[PDB]
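The figures here come from the full heavy-atom set of this structure, side chains too, leaving out hydrogens, waters and symmetry mates. Reminder, nothing fancy here: chain letters follow the sequence lines and each chain counts from 1.
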Amino acid sequence: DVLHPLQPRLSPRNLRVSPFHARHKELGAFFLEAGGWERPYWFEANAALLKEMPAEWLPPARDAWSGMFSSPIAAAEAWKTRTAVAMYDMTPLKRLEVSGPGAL
Amino acid sequence: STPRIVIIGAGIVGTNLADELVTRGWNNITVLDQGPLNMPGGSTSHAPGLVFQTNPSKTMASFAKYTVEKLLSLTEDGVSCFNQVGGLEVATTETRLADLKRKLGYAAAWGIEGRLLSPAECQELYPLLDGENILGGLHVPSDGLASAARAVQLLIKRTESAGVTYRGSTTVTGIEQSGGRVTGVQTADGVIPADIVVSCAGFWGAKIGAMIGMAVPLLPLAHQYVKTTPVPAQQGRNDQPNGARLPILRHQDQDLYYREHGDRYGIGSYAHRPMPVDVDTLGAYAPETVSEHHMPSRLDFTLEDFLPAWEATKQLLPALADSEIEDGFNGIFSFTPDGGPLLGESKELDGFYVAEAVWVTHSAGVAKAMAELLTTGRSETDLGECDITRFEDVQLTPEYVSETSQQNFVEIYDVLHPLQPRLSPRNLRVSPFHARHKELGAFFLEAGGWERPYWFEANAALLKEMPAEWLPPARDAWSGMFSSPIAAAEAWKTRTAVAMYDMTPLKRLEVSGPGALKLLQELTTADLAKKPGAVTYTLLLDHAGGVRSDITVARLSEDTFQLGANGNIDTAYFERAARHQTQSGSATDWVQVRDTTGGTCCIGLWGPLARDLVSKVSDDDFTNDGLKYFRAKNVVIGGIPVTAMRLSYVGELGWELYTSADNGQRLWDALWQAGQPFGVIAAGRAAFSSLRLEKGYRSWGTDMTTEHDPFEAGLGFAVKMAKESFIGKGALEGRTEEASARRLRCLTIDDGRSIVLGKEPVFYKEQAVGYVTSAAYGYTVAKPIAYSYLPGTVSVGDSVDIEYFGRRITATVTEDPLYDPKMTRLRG
Amino acid sequence: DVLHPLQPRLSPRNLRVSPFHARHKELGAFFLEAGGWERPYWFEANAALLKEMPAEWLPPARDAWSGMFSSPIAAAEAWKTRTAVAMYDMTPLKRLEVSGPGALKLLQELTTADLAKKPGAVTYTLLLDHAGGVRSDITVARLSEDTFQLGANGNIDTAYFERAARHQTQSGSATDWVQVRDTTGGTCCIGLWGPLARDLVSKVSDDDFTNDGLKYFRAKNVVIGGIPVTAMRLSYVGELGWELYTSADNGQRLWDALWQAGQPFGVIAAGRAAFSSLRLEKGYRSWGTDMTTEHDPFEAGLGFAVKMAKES
Ligand SMILES: *Cc1cc2c(cc1C)nc1c(=O)[nH]c(=O)nc-1n2C[C@H](O)[C@H](O)[C@H](O)COP(=O)(O)OP(=O)(O)OC[C@H]1O[C@@H](n2cnc3c(N)ncnc32)[C@H](O)[C@@H]1O
Ligand SMILES: Nc1nc(=O)c2nc(CNc3ccc(C(=O)N[C@@H](CCC(=O)O)C(=O)O)cc3)cnc2[nH]1
Ligand SMILES: Nc1nc(=O)c2nc(CNc3ccc(C(=O)N[C@@H](CCC(=O)O)C(=O)O)cc3)cnc2[nH]1
Ligand code: NA
């Protein structure tokens with residue numbers, strides 16, 4: 001099959017979720033998956049900000065291919081990260097604890 | 001014998017309307033304008049006049065073709081009001097290039113000649129284009145340039161000769177009414193009497209509407225237009241000062257369009273922030289002061305907004321880098337929430353009509369349709385996308401009009417898929433099941449303000465267990481937009497198990513009172529004098545026999561009927577008809593109409609396990625003996641009082657289950673829990689639309705409009721010609737399905753994979769003879785389906801080609817319904 | 001069994017819910033039921049406010065009996081209604097639409113008010129029986145020439161109006177017909193009350209909610225958060241603000257718009273326990289307990305609501 005590089009599986013899904021998962025679903029998270037983790041790519045709650053975003057932040061139209069698994073909402077999320085404050089879910093970042101008298 | 005008519009506005013719409021009324025024999029018309037007659041000063045007085053006929057809308061394309069024809073004919077001293085230079089849309093992106101192939105399909109569908117041009121051919125036609133940029137073009141030789149201001153003057157001249165009165169320098173300040181009908185138009189100098197008032201006031205249309213408490217959903221917005229200094233490359237090529245020889249030019253990838261003005265260029269730009277205008281700040285212009293650069297429609301030019309457009313222009317047309325900006329202005333026009341115009345009779349006031357938010361391109365077509373409407377009671381062209389009554393109440397608020405009209409301006413020249421939703425405002429109207437739908441991962445799209453699931457992500461888990469025969473082929477990127485393979489699983493479970501569809505958004509009208517039966521007997525094509533409990537599928541026709549709507553009528557009691565309808569055009573039609581019957585009738589003829597959609601809800605519970613499911617949560621009898629096909633009765637399900645109607649838009653066993661909004665979530669939860677051992681699912685609109693197509697069930701507004709009679713549409717069965725009286729009966733005398741010159745036909749796509757979406761042209765023996773009305777992938781039949789009208793001589797079993805993005809797809813005319821023609825799933 | 005007067009059934013429950021039900025569950029509503037409707041008595045979300053509440057608002061301990069189906073959270077909800085702004089779910093208030101060319105005539109005969117007032121008037125008035133006993137106290141809002149919206153006390157009122165309407169229709173002229181519809185289940189209502197109510201609503205509407213824009217005991221149509229609303233200026237809790245009515249399909253959006261607008265003002269959801277306390281502090285009577293048909297309006301202290309100058 002011809003598949004886009006971000007094409008997710010439809011099953012199995014929701015294997016691993018962060019502690020924020022219910023709040024992310026309230027906010028309309030669009031999830032894609034890696035390593036079993038459900039990861040928001042953007043949040044539909046933030047679509048409401050596009051109308052208030054300065055025009056300099058609004059991107060050009062995308063083609064059908066680059067537009068797959070993409071949303072203009074991402075521009076608003078970048079805008080607010082650069083000008084306000086944002087909460088990103090870094091839970092899936094591989095986290096190792098190295099301990100003991102030989103750790104150093 | 002002719003009504004007294006006042007037209008408000010001597011723009012291109014109002015003057016064309018006077019003219020179209022005159023030729024139909026109605027000349028008792030007074031046209032009013034606050035501006036001077038020689039240059040009224042609305043948008044028409046600044047329009048550059050580009051007319052591109054090709055349009056996704058059949059109606060809009062027809063309006064444009066008529067405007068071209070009419071303006072060519074409108075002449076004086078040997079010079080018409082149309083310079084037929086042709087039109088060229090260029091593509092600088094691959095996305096745009098593909099969309100031009102789609103637009104070539106619209107052209108063929110709507111009977112407009114055009115061709116796709118290669119980069120070399122674009123150079124030959126338009127050598128000023130820098131070719132490095134150009135991937136291809138769409139050339140329509142019959143497009144061109146309107147002389148709109150000249151047309152207004154020549155229309156005034158010939159209608160005056162025929163007896164029409166014009167009063168320029170005359171400001172309407174109010175509208176006089178009595179008994180729910182218009183009686184006159186108020187000015188500073190008194191009232192002008194009128195039986196009919198048509199508001200052709202352009203971007204002042206909302207201000208006029210407020211005079212009668214009518215919401216007119218247009219927003220005045222400004223758009224930049226610039227004229228260059230003389231362009232060196234153009235020296236000596238065109239007649240001064242305003243000639244043109246090259247096709248009008250669209251550069252949609254940069255939100256720009258162009259025409260020649262002698263050796264200067266005119267540049268129209270939508271490449272700027274939306275610019276809403278407050279009409280109450282424009283100031284009253286003394287008519288003696290109105291001139292080319294000083295009129296209400298022209299605001300001061302804001303050069304800073306134009307700089308990026310100027311750069312893009314020099315990149316497309318390098319010759320223009322050797323000119324400068326000579327003059328610009330920010331010119332006011334109108335936009336609406338869906339980009340359609342606003343036509344028809346007001347809800348608030350009988351005899352008061354609108355014809356507003358109309359491009360010069362469509363002006364004569366809108367005027368002709370309105371003249372037909374006024375003098376006969378119907379337009380010859382389908383107004384479903386144009387009628388002011390199409391809007392729901394949440395779509396009429398100033399905030400909604402402002403937001404959505406601004407976004408339509410921002411997207412004016414974008415390539416968009418037919419199912420593309422707005423991202424805001426959203427979640428305005430939701431059914432009682434909304435929280436449960438979100439738990440199930442609903443993918444929502446919106447219409448009329450309602451959030452409607454197209455499929456549910458919960459059902460993705462079923463794909464792995466689905467029999468391979470149900471799994472569809474891959475879709476292309478375009479047909480795959482706003483689509484999911486999950487829809488195949490939802491169709492599978494509807495056909496083999498049981499599913500819950502949210503039918504809440506189906507327009508729901510309650511018609512009640514001692515005159516309810518009488519009203520419905522006159523308006524529909526069914527004999528509705530049946531004991532309570534009968535459900536009837538029936539049509540509303542106009543006096544010419546055209547199909548206004550297909551509806552279901554359920555008689556709930558002697559004086560109460562519940563209708564399932566197609567939208568707010570139906571609501572307004574019933575409201576006025578009910579009021580007229582009440583006003584002119586006896587004590588036993590009164591009838592009220594209520595749109596109860598937002599206060600109620602409906603689950604379509606369909607599939608072969610529907611009786612097994614419902615039996616667990618009700619003690620009412622849902623066997624065939626307990627509730628026969630196309631009957632309704634009151635039941636209790638999960639403790640909730642429900643009106644159950646036995647019919648199915650998806651062609652399976654089961655019922656529409658109606659209840660009040662406060663009870664909906666409980667009804668949902670009870671059926672949900674009962675359905676667990678039967679594998680119940682929630683199912684969305686994508687599966688629903690596919691399944692209804694597999695049944696051959698028609699969708700009003702695409703599969704039939706007022707342009708079609710019931711026999712052409714294959715709905716003869718729904719017309720009871722033996723009835724004594726009903727609207728349209730006389731027109732339909734003698735007509736049959738078999739003798740219809742055009743007939744709605746079912747097409748299946750031979751290759752099993754090439755899905756079409758709607759509006760693609762259909763060819764028989766290489767001639768364009770129809771266009772796709774409705775389409776879907778049929779999951780049960782495992783092939784794409786498309787409907788199209790075809791000449792009566794084309795038969796079942798014949799082959800036709802449907803053109804999709806420039807490629808011909810072979811299809812076969814096939815008997816419908818495609819699924820279960822013996823109705824085994826529905827009966828007994 | 002020994003049962004407390006507020007003891008709910010545990011089943012069947014969740015039969016009728018307002019459009020705000022999911023938002024109420026997010027906020028930890030404690031629901032009790034009446035007439036099938038699930039009604040929040042307080043919200044667990046507001047327990048977090050108790051630590052910031054001025055001590056003068058904190059009540060004494062309750063005994064086990066008076067403490068049943070009660071919570072100190074109700075004190076915080078009353079506090080915020082009196083000092084900030086609160087959203088009460090008035091959806092279950094019996095709502096009747098009385099319409100037709102005979103609607104005014106019907107209401108003129110059945111109530112104690114002169115209702116022949118231009119549309120927009122809201123009137124508190126009584127329904128009496130022929131002995132002068134109080135059948136009900138209602139609000140009547142004239143929405144148009146031939147349409148009235150009534151706030152009533154229950155289905156005894158609905159049946160009383162239904163029969164009276166039918167009798168007037170049957171015995172009357174072409175201009176005397178009148179229909180009565182119980183629209184409660186198809187609509188919803190937020191009571192938006194408290195001294196910051198105008199500050200809140202001003203953020204999500206361009207309609208004028210000043211005194212000049214909407215006078216006490218008047219109604220007008222407005223748009224809030226994109227939703228068409230009928231706003232009535234009165235308050236069962238005795239504070240500034242309005243009853244905001246709309247169709248059920250629009251309710252969640254109306255709720256969410258006001259909620260978001262109210263964040264900088266400390267808006268809360270407030271339940272029936274605070275509501276009942278606040279209305280008592282106002283002396284507002286509750287039909288069926290504070291007065292029945294055994295009482296006349298004067299005994300009940302509702303003389304002000306009877307227009308003895310009316311012809312009939
Ligand atoms: C502004 C603009 C518009 C435009 C365009 C470029 C610019 C910058 N380019 C176009 C294009 O190339 N192709 C095309 O098809 N259209 C283009 N347009 C749009 C076009 O100009 C408008 O859509 C069209 O002209 C609208 O015509 P309409 O006849 O509907 O409106 P109008 O010319 O504005 O006339 C309305 C008249 O109503 C009178 N009026 C308003 N209120 C009153 C009151 N109260 N009393 C009396 N008269 C009233 C106005 O004075 C006006 O003359
Ligand atoms: N809500 C809803 N609206 C519709 O428009 C609708 N239309 C159809 C498709 N049209 C119809 C129309 C007629 C019959 C039909 O079988 N009529 C029969 C039965 C009438 C009867 O037994 O009383 C006929 O003999 O005319 C079935 C589907 C199916 N479900 C719908 N459901
Ligand atoms: N929905 C609802 N129903 C009620 O029964 C109700 N009752 C009260 C308590 N009773 C009332 C009754 C009258 C006035 C009142 O001030 N009437 C004045 C004002 C009338 C006017 O200005 O038009 C009067 O002068 O009679 C206030 C509260 C408050 N809110 C309610 N809200
Ligand atoms: Na744009």
Side-chain angles (χ1 to χ4, degrees), chain A residues 23 26 45, chain B residues 435, chain C residues 17-32 37-59 69-93 188-205 209 224-225 227 229 231-246 251-282 284:
Chain A
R23 299 302 180 254
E26 301 168 14
Chain C
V17 299
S18 76
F20 320 131
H21 189 257
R23 299 302 180 254
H24 284 164
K25 191 171 173 174
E26 301 168 14
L27 291 165
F30 181 90
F31 293 99
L32 293 177
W37 286 102
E38 294 300 322
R39 298 128 69 243
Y41 266 60
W42 59 85
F43 294 84
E44 287 167 1
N46 292 323
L49 295 173
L50 288 158
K51 64 196 164 280
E52 59 184 76
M53 193 159 78
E56 61 257 30
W57 288 94
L58 180 65
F69 310 104
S70 174
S71 170
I73 298 175
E77 294 181 7
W79 166 45
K80 286 291 171 190
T81 302
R82 291 266 182 259
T83 59
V85 55
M87 289 169 60
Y88 284 88
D89 184 358
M90 298 292 292
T91 297
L93 177 71
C188 63
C189 180
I190 296 166
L192 176 71
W193 291 313
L196 306 181
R198 281 176 176 137
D199 293 333
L200 186 167
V201 82
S202 84
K203 300 174 67 192
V204 276
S205 179
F209 285 88
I224 296 169
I227 296 305
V229 170
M232 307 194 187
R233 183 178 165 187
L234 69 177
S235 177
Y236 239 128
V237 300
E239 296 293 336
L240 175 66
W242 312 274
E243 295 182 340
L244 304 171
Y245 296 92
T246 192
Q252 177 180 80
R253 172 68 189 132
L254 171 67
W255 179 279
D256 287 343
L258 293 167
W259 193 256
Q260 170 176 230
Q263 296 310 114
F265 304 107
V267 70
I268 63 156
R272 190 156 176 86
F275 173 93
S276 291
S277 170
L278 293 159
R279 75 100 182 161
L280 266 191
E281 284 181 332
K282 288 302 312 182
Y284 296 161

Across all chains, not counting sequence neighbours, the salt bridge (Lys or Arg N to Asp or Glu O under 4.0 Å) partners of C:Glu38 are C:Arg13
Taking all non-hydrogen atoms of both residues into account, name the closest pair between C:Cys189 and C:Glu243 and its distance. SG-CB, 3.7 Å
Mind running side-chain contact (heavy atoms from CB on, under 4.5 Å) on C:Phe20 and C:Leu254 for me, showing each step along the way? CA-CA 9 Å; C:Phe20 320 131; C:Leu254 171 67; 5.6 Å; no
So, does C:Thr91 use its side chain to make a donor-acceptor pair with the main chain of C:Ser18 at under 3.5 Å? no
Would you call C:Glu281 and C:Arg82 a salt bridge, using N to O less than 4.0 angstrom? yes
To the closest 0.5 Å, what do you measure between CE (C:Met232) and CG (C:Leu244)? 10.0 Å
For the student: nearest non-hydrogen atoms of C:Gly251 and C:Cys188, plus distance: CA-SG, 3.6 Å
Mark yes or no for whether C:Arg233, through its side chain, and C:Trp242, through its backbone, hold a donor-acceptor pair below 3.5 Å. no
May I ask you to check whether over 12 heavy atoms, not counting those of A:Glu26, lie within 6.0 Å of atom CD? yes
Heavy-atom closest pair, residues C:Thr81 and C:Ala270: OG1-CB, 4.3 Å
Go through the steps to decide whether C:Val17 and C:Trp37 satisfy the test side-chain contact (heavy atoms from CB on, under 4.5 Å), and finish with yes or no. CA-CA 6 Å; C:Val17 299; C:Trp37 286 102; 5.8 Å; no
C:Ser205 and C:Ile224: which non-hydrogen atoms are nearest, and at how many Å? CB-CG1, 4.2 Å
Under the side chain to side chain contact (heavy atoms under 4.5 Å, CB included) test, residues paired with C:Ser71 that sit two or more places apart: C:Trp42, C:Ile73
Which heavy atom of C:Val237 sits nearest a heavy atom of C:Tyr88, and at what distance? CG1-CZ, 4.2 Å
Under 3.5 Å donor-acceptor, C:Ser276 side chain and C:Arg272 backbone: yes
OG1 on C:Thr246 to CD on C:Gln252, rounded to 0.5 Å: 13.0 Å
Heavy-atom donor-acceptor pair, C:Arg253 side chain to C:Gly225 backbone, under 3.5 Å: yes
Under 3.5 Å, which donor-acceptor pairs link side chains of residues 191-199 of chain C to any protein atom two or more places apart or in another chain?
from, atom 1, to, atom 2, distance (Å)
C:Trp193, NE1, C:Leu234, O, 3.0
C:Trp193, NE1, C:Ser235, OG, 3.4
C:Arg198, NE, C:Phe209, O, 3.0

Can you tell me if C:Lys203 uses its side chain to pair, donor with acceptor, with the backbone of C:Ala261 under 3.5 Å? yes
Rounding to 0.5 Å, atoms NZ (C:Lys80) and CG (C:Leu49) come to a distance of 6.0 Å
Using atom types as modelled, flag every donor-acceptor pair under 3.5 Å from a side chain in residues 50-58 of chain C to any protein atom, sequence neighbours excluded.
from, atom 1, to, atom 2, distance (Å)
C:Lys51, NZ, C:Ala48, O, 2.8

Under a 4.0 Å N-O cut-off, is there an ion pair linking C:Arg23 with C:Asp256? yes
Apply side-chain contact (heavy atoms from CB on, under 4.5 Å) to the pair C:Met90 and C:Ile190, showing each step before the final yes or no. CA-CA 5 Å; C:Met90 298 292 292; C:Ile190 296 166; over 6 Å; no
Once rounded to the nearest 0.5 Å, what's the spacing between atom OG of C:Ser70 and atom OH of C:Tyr41? 11.0 Å
Using the test side chain to side chain contact (heavy atoms under 4.5 Å, CB included), find all partners of C:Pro40 that sit at least two apart in sequence or belong to another chain. C:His24, C:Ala29, C:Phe31, C:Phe43
Would you say C:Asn46's side chain and C:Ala269's backbone share a donor-acceptor pair under 3.5 angstrom? yes
Indicate the atoms forming the closest heavy-atom contact of C:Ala274 with C:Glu77, along with that distance. CB-CB, 3.8 Å
Applying ring pair (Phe, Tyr, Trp, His ring centres under 6.0 Å), name anything that partners C:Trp259, two or more places apart in sequence or on another chain. C:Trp255
